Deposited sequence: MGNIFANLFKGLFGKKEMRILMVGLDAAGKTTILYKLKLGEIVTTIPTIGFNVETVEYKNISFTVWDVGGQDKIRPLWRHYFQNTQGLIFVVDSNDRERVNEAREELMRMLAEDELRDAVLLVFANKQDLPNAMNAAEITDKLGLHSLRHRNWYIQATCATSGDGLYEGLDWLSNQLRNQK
């Protein structure tokens, strides 16, 4: 709601910022966006089979799309992305190896070289959900000795961890550029 509006209020200014939130399908990306209550989640299809949800807050645009189904059109988007958030279904032990692939494939893009990474280890409320330490390992985030990263455990449905992780991210951008 507002606690999130406040967060991003310090990042306001004549400049179009982009915060990419990608992850596999059903990771909790649309739920996290609805939870921020920064505005209307509007869907558009840039290209057939390319669904993009966006919440435009002010100069800050929240762009979301599923991953693993790369793509050219993506680069255009990358050309504005200050920060990338990657949400993982901690309870989906089966597709984290994929999450890692795409993640590594995203970090490996030239325009996203100077982008702050925030990994949301969502669905923490599920009984056999990996913890933020398991996910950091499986994702091999400890080898990303090069970029400003961070992992916050969450539950998009109850909503906790979203503020704490977005607080970090907000701080980072505030002195990113």
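No C-alpha positions are given for the deposited-sequence stretches 1, 71-73.
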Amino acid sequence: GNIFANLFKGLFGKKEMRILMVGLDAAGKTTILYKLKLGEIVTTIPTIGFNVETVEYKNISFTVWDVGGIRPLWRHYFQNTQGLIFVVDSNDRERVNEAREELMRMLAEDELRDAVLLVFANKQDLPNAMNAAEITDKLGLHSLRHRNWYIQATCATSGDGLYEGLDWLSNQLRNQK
From here on, numbers count along this sequence of modelled residues.
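Higher mean CA B-factor, judged across 88-96 and 71-79 from the recorded values: 71-79. Higher mean CA temperature factor, per the PDB entry, when comparing 131-139 with 33-41: 131-139. Among the modelled residues of its chain, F62 has a C-alpha B-factor that falls in the middle third according to the deposited record. For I48, the recorded CA B-factor ranks within the middle third of the chain. Only modelled residues enter the ranking.
Among the modelled residues of its chain, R147 has a C-alpha B-factor that falls in the middle third, as given in the PDB entry. Sort the chain's modelled residues by C-alpha temperature factor and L11 lands in the highest third, per the entry.
In the PDB entry, a CA B factor belonging to the middle third of its chain's modelled residues is recorded for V116.
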